[PDB]
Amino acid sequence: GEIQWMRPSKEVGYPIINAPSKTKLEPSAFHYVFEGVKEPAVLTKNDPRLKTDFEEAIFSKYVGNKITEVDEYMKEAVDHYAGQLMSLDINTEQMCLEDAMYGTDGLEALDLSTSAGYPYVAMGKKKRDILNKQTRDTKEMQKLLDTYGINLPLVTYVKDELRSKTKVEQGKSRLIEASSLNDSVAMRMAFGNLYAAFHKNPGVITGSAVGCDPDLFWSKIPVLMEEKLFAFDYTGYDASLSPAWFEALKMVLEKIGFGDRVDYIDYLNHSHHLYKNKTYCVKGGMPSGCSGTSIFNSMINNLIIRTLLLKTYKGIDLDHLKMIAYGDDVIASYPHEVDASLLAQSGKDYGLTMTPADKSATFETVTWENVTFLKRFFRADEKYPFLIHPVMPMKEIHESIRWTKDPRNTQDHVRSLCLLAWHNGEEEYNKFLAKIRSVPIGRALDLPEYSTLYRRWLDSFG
């Protein structure tokens, strides 16, 4: 991915966009009860904690475009991945406007609790002024569709989130592309049935986990896998993606029947962006906030891995590849061991920078002990060993409970954290409840006992 040009919106007539300059994150009641090292992300360029140039740092992810051509390995990847998906018998018809806007089996509605993007953002127009979920009215959307059309520019924001100390100072803040309501709608008309099919089929056929519940799904995953697992991390996955990857994705879509709308894929590959007082153009790179970015990045992951396997292990039978991606996150398996270290080197050839799974400083053997997916470990229940706990390390929970964007939400926030926390075991869970209840607000919260969670967990399998 690479910035083609950049210039101040003034020279071109695009309006300036102001994000709030301060974080909505404030220390919570439990700030001092738990240890933790993350703080609010750098949002502006005046920030004291900066030890480098902000804009330089945030746009640094656009490392360039390595390849431009679909080679034979990619083409074979394509064929294999397409052939897999054809077995799902995916409905290829357009999704109707009303279903696109207001959701249907497998695809939730548009979020009226979020920005409408360009150009509505420049007129104080919100989604709530256009959509109404109680009537499923499409009349004003259809008109607004005809008026502004599609392929509008994306508004770039800085994500307001916790961030590692190192990342704060080094200014490595993450960017959001706000997709236009128009484009979200047009995308869902074109691909909603694809989205639906994937959401209903988390697993090794889609090669995706979008639509799963980790509570339940974690017990399916080890059955789905092969004997030998492999995994790794990506560095700047989305922005590192070259246009060829977008061509191969089109090919897959042509293959499974979405051929008349692959042109939308071009709009993701070749995007224009408003950031504060600048307008810039990016060729390559998946924009983070477009419609289907979860589905598409995952699909593209399934193509990358097959391609590297073919490049690295000649003649490899891909029918035995069992992998599951969620965006750039992935857990893969083959009947015979595969060396992530070798794939990472082949990856360079295709513009991808691959590092060892979970920030380990060395490429080592992925096992059921140390593998992670969606930030959670795998741990069998001591009573019923075929039941697998998704286990998020307490540390992540600890970092979360220390901040809040609105103390109004304390009860709900902390309860949500308990639902994650208890898979760590009764000893750890009761300790967590202990530290929480060590402040008076803690004692005010209605918090689930371990026993309650375990029983409800077992019961949800039936």
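Note that residue numbering follows the sequence shown and begins at 1.
- Between 189-197 and 86-94, it is 86-94 that carries the larger average Cα temperature factor according to the deposited entry.
- Look at the C-alpha B-factors of 166-174 and of 291-299. On average they run higher in 166-174.
- When the C-alpha B-factors of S360, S113, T372, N182 are ranked from the entry, the top spot goes to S360.
- For the set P385, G327, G285, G207, the maximum C-alpha B-factor listed in the entry falls on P385.
- Split the chain's modelled residues into thirds by C-alpha temperature factor. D53 is in the highest one.
- In this PDB entry, the Cα temperature factor of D99 sits in the middle third of its chain's modelled residues.
- Among all modelled residues in its chain, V223 ranks in the lowest third by Cα B-factor.
- Ranked by Cα temperature factor within the chain, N430 sits in the middle third according to the deposited record.
- Ranked by C-alpha B-factor against the other modelled residues of its chain, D339 falls in the highest third.
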